[PDB]
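As they're listed, the protein sequences go chains A, B, C, D, E, F, G, H, I and J.
Sequential numbering from 197 applies to the first sequence in the authors' numbering.
Sequential numbering from 1287 applies to the second sequence in the authors' numbering.
Sequential numbering from 981 applies to the third sequence in the authors' numbering.
Sequential numbering from 1 applies to the fourth sequence in the authors' numbering.
Going left to right, the fifth sequence walks through residues 2 to 63, 76 to 146 as the authors' numbering numbers them.
Sequential numbering from 2 applies to the sixth sequence in the authors' numbering.
Going left to right, the seventh sequence walks through residues 337 to 1081, 1092 to 1119 as the authors' numbering numbers them.
Sequential numbering from 1 applies to the eighth sequence in the authors' numbering.
Going left to right, the ninth sequence walks through residues 638 to 643, 647 to 668, 676 to 714, 721 to 833 as the authors' numbering numbers them.
Going left to right, the tenth sequence walks through residues 491 to 502, 509 to 539 as the authors' numbering numbers them.
Beta carbons: idealized from backbone N, C-alpha and C, even for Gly.
Structure first, then comments.
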Amino acid sequence: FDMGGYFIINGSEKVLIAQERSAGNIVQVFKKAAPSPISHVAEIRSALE
Amino acid sequence: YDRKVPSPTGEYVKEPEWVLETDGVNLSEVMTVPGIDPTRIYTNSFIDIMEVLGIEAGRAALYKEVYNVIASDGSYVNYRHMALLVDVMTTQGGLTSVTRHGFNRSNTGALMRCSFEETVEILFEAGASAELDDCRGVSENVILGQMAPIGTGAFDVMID
Amino acid sequence: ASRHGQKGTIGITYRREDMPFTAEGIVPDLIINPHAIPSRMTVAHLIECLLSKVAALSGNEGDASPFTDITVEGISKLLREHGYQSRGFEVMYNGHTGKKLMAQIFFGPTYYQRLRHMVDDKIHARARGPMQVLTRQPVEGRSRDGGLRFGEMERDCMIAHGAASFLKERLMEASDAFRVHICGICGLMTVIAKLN
Amino acid sequence: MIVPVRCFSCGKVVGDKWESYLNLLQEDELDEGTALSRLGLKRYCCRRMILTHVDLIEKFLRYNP
Amino acid sequence: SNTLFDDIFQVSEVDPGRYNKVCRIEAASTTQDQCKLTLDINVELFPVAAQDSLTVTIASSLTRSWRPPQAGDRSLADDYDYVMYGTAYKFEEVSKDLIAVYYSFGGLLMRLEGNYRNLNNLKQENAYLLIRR
Amino acid sequence: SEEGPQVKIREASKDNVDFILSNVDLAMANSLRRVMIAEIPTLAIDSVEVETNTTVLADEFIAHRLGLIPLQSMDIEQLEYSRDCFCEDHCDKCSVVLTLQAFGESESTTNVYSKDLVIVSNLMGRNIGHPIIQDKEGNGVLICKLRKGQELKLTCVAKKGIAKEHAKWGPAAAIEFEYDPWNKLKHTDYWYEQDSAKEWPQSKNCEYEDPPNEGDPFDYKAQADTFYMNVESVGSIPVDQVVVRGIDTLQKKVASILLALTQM
Amino acid sequence: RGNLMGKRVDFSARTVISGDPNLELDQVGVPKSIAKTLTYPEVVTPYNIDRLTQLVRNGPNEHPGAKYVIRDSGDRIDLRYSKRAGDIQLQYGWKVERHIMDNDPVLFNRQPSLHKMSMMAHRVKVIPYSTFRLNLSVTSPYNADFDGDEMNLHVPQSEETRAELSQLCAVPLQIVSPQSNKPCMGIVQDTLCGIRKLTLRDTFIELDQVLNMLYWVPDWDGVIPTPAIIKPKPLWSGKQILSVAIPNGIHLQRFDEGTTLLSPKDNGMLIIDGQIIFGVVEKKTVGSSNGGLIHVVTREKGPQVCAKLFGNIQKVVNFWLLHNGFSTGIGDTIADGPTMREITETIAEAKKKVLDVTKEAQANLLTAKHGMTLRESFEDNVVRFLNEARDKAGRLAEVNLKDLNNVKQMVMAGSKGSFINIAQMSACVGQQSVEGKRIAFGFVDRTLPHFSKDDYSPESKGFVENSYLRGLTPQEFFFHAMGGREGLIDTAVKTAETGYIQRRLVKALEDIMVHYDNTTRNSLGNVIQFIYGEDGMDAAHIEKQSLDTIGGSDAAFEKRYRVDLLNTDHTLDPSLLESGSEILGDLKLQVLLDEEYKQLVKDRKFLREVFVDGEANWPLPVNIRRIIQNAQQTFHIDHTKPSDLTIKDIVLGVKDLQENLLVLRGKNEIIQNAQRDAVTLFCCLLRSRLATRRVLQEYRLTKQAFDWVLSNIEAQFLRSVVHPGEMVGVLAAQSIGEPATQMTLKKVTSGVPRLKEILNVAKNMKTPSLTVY
Amino acid sequence: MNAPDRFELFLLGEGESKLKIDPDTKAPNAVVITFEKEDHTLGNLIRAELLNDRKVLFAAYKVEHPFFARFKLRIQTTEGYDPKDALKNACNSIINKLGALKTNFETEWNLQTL
Amino acid sequence: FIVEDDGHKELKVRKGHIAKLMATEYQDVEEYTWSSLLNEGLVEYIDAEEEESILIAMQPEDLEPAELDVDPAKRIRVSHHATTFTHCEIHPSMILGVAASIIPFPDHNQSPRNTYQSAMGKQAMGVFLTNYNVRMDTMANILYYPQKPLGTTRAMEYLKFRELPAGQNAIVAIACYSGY
Amino acid sequence: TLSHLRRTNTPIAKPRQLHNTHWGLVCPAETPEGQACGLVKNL
RNA sequence: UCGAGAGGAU
Ligand SMILES: [Mg+2]
Ligand SMILES: [Zn+2]
Ligand SMILES: [Zn+2]
Ligand SMILES: [Zn+2]
């Protein structure tokens, strides 16, 4: 009934936890605040796959 | 707004009155307008009332806005508790805030002041400005581990 | 606790005689209180007690799957086939007296979970125990025979009471009263400690 | 993990009916409701001892030490 | 230390006020037209149908513990099938030459309205009520 | 026949006894089932010394199981409490030693039934210490299971005790108890949605009482004198002597009050 | 703030809590191992040496015993292992650290410590088991539950320290709270559920149960009360037996919805001299409320009688409820077959009222309301339309809940229940809300991928038609889960902000205490208030009572107060006063009544200037209403005999009394003016009730009784005065931080966001407005 | 851990008596009997049988704490009637019913055939 | 699931494919597994971005055409008012976690209560593994006599909760009794 | 043990609230309380 | 001793 999916370091079984992040390489439009010199931004997070 | 108001017979009866409600605030140009009562107009911005109608008009405007917070949740607190808090903010002449760059910039000792926030930075300036502490504060005697002037400690006890 | 956020510690252990009984001699393993039902709105707890009760008598499994077309009225048709009240009530008798209880009792099996919080694993008491090295204060945690914090959040409460001598006791005689000597000219503890 | 000797709620000895109960379903091709009624278990306090029991001892035997 | 009030009443209305073993009774004095009463009764012991006629009495006796009857030697002062013990909480006047007396027989409430009980029904704690068939 | 409570047995067996307890007070019926369940003395295992345990189960798991095994307790009055007797730890006048040995010498799964319990101490000629077998196959109670290569060696000491101290000394399982199945006494207020009569099942004991007439008023000042009971027994004591020793244990419990009143 | 303002301390303890009905209020359950661990240094005297020598001989391993013994040298003696642990001669002056024993003063804590009433003293009652036991009624000043909560305990080590717990920090003293000027402890959940079922008029008890109920009251006199019914079966009402708990000298009057003096609904409460006259006991009578039983008894008889009263109500009603029994089934949620028909009809007719509005909006026939957009008017309408379906269908169910319904009975007694929970469990749970609006279009133009795009219907926006009984659909399950996440966020967000708010308030006002001149000050000496609370009275001994000078017609005010000796028609009738006929005319006495009447007229103008709304019900330090009822019963006054008071006795007597009510005691006029300014509203109450017409006609007092009322009012006043030394700002902080902690749930900033704006004075506010008259 | 040894429900401890009798204060003929190591099994049968005796004014028991096994009994009798004698006849009135029950059941059981 | 035209909009998976799926479950000869469902084009892998453009069905009976008396006790399910389907949900209970699928009747509950249990079902006691006797780990608590619950989720079988439970079917009477 | 291996973390404009997009992939109910509610989710 | 995670409480 053990399911696996864990490493065994120093006898203490460890689980790599999932890590949420925004997707890279997408164009997103972000309305800036009213006390701001710039009004709109188009952000693209650029990193190689 | 419904409102009870005295009848000529003397018993209170409800006289309905039309009351405008706005989205913005400028007292200096709104109360000086024909067709309104400039003696009873109200904002929920006590900071505007303090600079326009005098400080002591802001004190009652401060307390009423605290009351509407409590009574919206249905609760009830006695008058003296909030009115103590309002008077402490109001006594200094402006609107002393209950925050780290508010009341805590007073002359109320140093060990009392160092116990709230910006702890080490206050002792630095007191080491420069050579402050002397009265040690009548509660937190001065708590830090020094003495019987503070707290009820029981307000008076000395001696024999006949 | 149960499977519906219904927690609760054990208030008392009663024996079988002191426990109320029904006309079949059945006795509740566990007694909860009806006021924890309407505040948190755990109706599934109430249907689980019903669906388990029909499952025990019929010998068939209980389908508690979400988004089923199983109804309370459909379950309560089955429990009336097995000679009980449709909504789970049972005439129960007091154990101390034997008089029939004036309110008929909601009775049935319900899956309960024994959580990992045990009292003797949390029992902690201390007087004049170990001291921390740096601050001469009591050490942390019950695992080291430590002392409870008389925090500043609690110091305000004793201030409001006006108990001043208790405040000096809780901060000196307990936890790190220390004597030191200072000079009358320079107000600092520079002076060589000379006692005997 | 193994058959309780007595029912928790009433104390009837249910620790003997286990070997019979399993063979009632298999050798007689019965259902569980008629199996518990045959074994003298009639109160539902008794019935949830045998019906809800997961005999985990059979998995414990397979460990050779 | 004797009988204070006696009359004969015909019940007008019996009202179970969301209750199972208590009804709100409504009656007026026969042979009179300026006296009526409203009383709470236990219907479980004494069933009071509507338009029945019931002799009603109020005493002052017949402090210390209530011992059980223990025998027939302790002789009851009731040739009735129903009795109660209560307390007068207020007396009000409907008008001049008129009066109304309020009793609470352990939550069971009675209202007695009339004129001529002026020689009795004082403010003291002790009060009874006797009701015949 | 004797003046007082009257009993009419409707049904009886080795394990179940169904009777009507006519013309008794309420507190006598309730103090009966309270003293039936708990205060009857009965023998079961109270000490276990384990020699070898190669089983998967922990010893105190098995030590808990051995306590609940029903042992014969007919001539239990001839046995004495260990706290009463003068022996060092235990003796034959107070305690009954048991012995269990089992080894897995079979490729198949080897069970450890209760009938494999064997007795070491001297019985002194009484019906004491024999584990009850009601199994149709005769194998008593499944204590543990063994694979090949596993053994279990322990010594059980059966002492005399009262079910208040621990439920292992339980003579009876569950006692049926009903009075006034029509609720002519109005001792409870029925919960209902539309109709109290159609939402609640009639008891079987409803047949043995007069059905009330709703035109008749409430029969007040009647009290509960007739009771309906059914006693199961585990098997350590026969059913007839569960209630009789229950009556005697209660009557002896009343008697110790009398002797205490005289001594003062 | 982690090692000096608060430090870890020895002589402390910690475990779980559990509730014990057969414990007293101020008693605390302490396990033996805790008492075996905790000590108290006790010096040997001639009085205690016979006990202490036995305690040392008893030993530390089993209690009552001692763990250490201290000689005059100061070298400690370990009793756990020493030769002379059984051979001790206790010379005088030696210190023996004994165990904690029964009836010792110790602190009782609960974190978070939001209250002065969250750290109260307790009497030790050593119990065998491992949990701290505490009374039912002490939950609310700690916010205690028994779902695995834990509580601390501290032990004093000196006699002054022991005195401060018993005489300042005790449970009975903190029953009435300066916060909310009301009691904080009341009857909870089982007594409260039982005391209504006990007090029903159908509820009658036989003799056998009654005698057990009588002996359950500890301080009982031994007198069986004469039964309510005696002829067919001697039967007692629940009101009969419950009234034995209430002490003699207690009067209580309360009126609500259908309250005549016959009370056909059994509502309201009338209590006279420790007997209840009619009513149903419930939360408004016995809960920790303003003007309740706990408020009366703590004022009238003292704290210790009311603390003993807390157990005595519990021990009776729990005994009744134990033998009566109570449960909750799922049939307590089932409504009628026909009721479910009209409820889903009520949903349907409101479902079509959205479709008619939506089709009206789709053809641009919508009229834009002023100030708001065309879309916002559509959202405001449909949310309001569907809540009216949810509120009506729930109120359709509460109509159908029968009197035996156990969910209804908790709502009826106020133990644990509400209407909305009935609406969600039986009728319709309603519509879920995220960020103040309906379920947003997280997916493009739809809420879930199972709907077509641009669906502004109720189903595709968050409305949950089915109830918790009927069962939520898959789409409804997610939206209900979606709104629930905001609540668990909102519950977790506010408590960190509230805990910051309370700490900011305490450290702002920590130096605030009443000094020895009733002037609120700080360490520097800067005066904040000249009279604390602007009248100089502790908030504890303060009750709400109406000043009926304010209300009523001038003519109706006249008839109740105008006495014209010169007139024959408006004069004290000689039935009222022995001197009634000799007083008529008498020009020297009508000038006193006219002086009285001119001040009561001036008083009515004064309060009407301040109390513009006209609500006279305002809290004032002395309950005169309860004082007059005492004089009506202590002196057995009839309403027929004339008074012994001439008019000169009343009018000169009241005017002399106001000089004797004291707040400040200075010998200069500006203090005496402040003293006159301090009591001014109370005298306006005092003269209104001690008026010459009202004294002689409305409650016909005598000269002997009248002089006692003047002695009562003066003494109760001087009791109800702030004690110099009370740190009031720390109390003022916690009295607002704790109700802030219970703040949780037509767009304005309200509650904790608004409170965060007020304290941390906001340059830009999120919703400013002008209220224009 | 902290729980007492389970035989204290029915074994008298060190220096404990079974019945301790004390007269009631502010009551003419009343007494308080502290039954030790007993519970509702015994006390209700005493109290319900005292109520059958027509010379008893008051008879009731209470358990001060479900932790411990003890109960207090209070009896009130007519003048010249020690309630101990009212207690003694009541307990003796119980056993006559119990002994009659024992022989009535044994008679009816041996009549039955299984 | 995958829906296309036929003769109308209907699911691709039929009862013939279902019987061969349960034929594989009997054998525990041309085995049929989940990959065979995926490679026969009857099931698609749809993520959050791609499900923006699809119309899913809650139940496979929404596809059946419509044309009265009904049981009043059941839930009120709205007629879907949609026709152009592309997919269908496998089962709506498959939105739940491993811990939330333990809970009986979560659709008949308040959603904070479903969350509150899911945090402390992890701290219930039971048998975590059959080799508790073999393993020597830092801390372990095992229930004596664990019982499978009388009320089981349909998704309990794939979580093996019946095969490795964590509690006992206690006989629970809700009762105001002695106030403890 | 089964519910640890499907646990997520979000190291930190309304993230903690349940999104419509979470349908089918993340459990709506299973999450901790207090410290990081909605940041730590289960699949 | 410092830093990290995990729950328990409101
Ligand atoms: Mg809690
Ligand atoms: Zn120096
Ligand atoms: Zn059973
Ligand atoms: Zn022996």
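Chain-ordered neighbours of residue i on chain E, where CB pairs are closer than 8 Å
i: H/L57; result: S78, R80 and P81
i: residue 267 of chain F; result: This structure cannot settle anything about residue 267 of chain F, because the visible part of chain F is limited to 2 through 265.
Inter-residue CB distance, residue i and residue j (contact presumed, cutoff 8 Å)
i: F/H91; j: F/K169; result: About 17 Å; that fails the 8 Å criterion.
i: I/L689; j: I/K649; result: Actually they are not in contact, since the Cβ atoms of I/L689 and I/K649 sit about 15 Å apart, beyond 8 Å.
Where residue i meets chain E, residues with beta-carbon distance less than 7 Å
i: G/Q576; result: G119
CB of residue i within 7 Å of CB of residue j, strictly
i: H/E36; j: H/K62; result: no
i: J/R496; j: J/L539; result: yes
i: F/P71; j: F/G236; result: yes
i: G/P1060; j: G/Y836; result: no
i: F/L99; j: F/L118; result: yes
i: residue 1 of chain F; j: F/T53; result: Nothing in the structure corresponds to residue 1 of chain F, since chain F is present only between 2 and 265.
Helix, strand or coil at residue i [DSSP, three-state]
i: C/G1088; result: strand
i: H/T25; result: coil
i: F/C88; result: coil
i: G/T682; result: helix
Under 9 Å from the C-beta of residue i: neighbouring residues of chain F
i: E/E45; result: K187, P218, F219 and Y221
Per-residue contacts from residue i into chain G (C-beta, under 9 Å)
i: C/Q1117; result: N339, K343, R344 and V345
Neighbour list for residue i in chain C, Cβ cutoff strictly below 8 Å
i: H/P66; result: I992, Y994 and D998
Interface residues of chain F facing residue i [CB-CB closer than 8 Å]
i: C/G1063; result: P202
Residue i: contacting residues in chain D (beta-carbon distance under 8 Å)
i: I/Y798; result: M1, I2, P4 and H53
Checklist entry - Between the segment 251 to 258 of chain F and the segment 1109 to 1122 of chain C, do three or more beta carbon pairs fall short of 8 Å? => result When C-beta atoms of the segment 251 to 258 of chain F are compared with those of the segment 1109 to 1122 of chain C, fewer than three pairs fall below 8 Å, so the two segments do not count as touching.
Next on the checklist: I'd like to know if the segment 1020 to 1038 of chain C and the segment 670 to 681 of chain G are in contact, where contact means that at least 3 CB-CB pairs between them fall below 8 Å.
Outcome noted: The count of Cβ pairs closer than 8 Å, one atom from the segment 1020 to 1038 of chain C and one from the segment 670 to 681 of chain G, stays below three, leaving the stretches out of contact.
Checklist entry - Three or more beta-carbon pairs under 8 Å between the segment 125 to 133 of chain F and the segment 177 to 192 of chain F, yes or no? => result no
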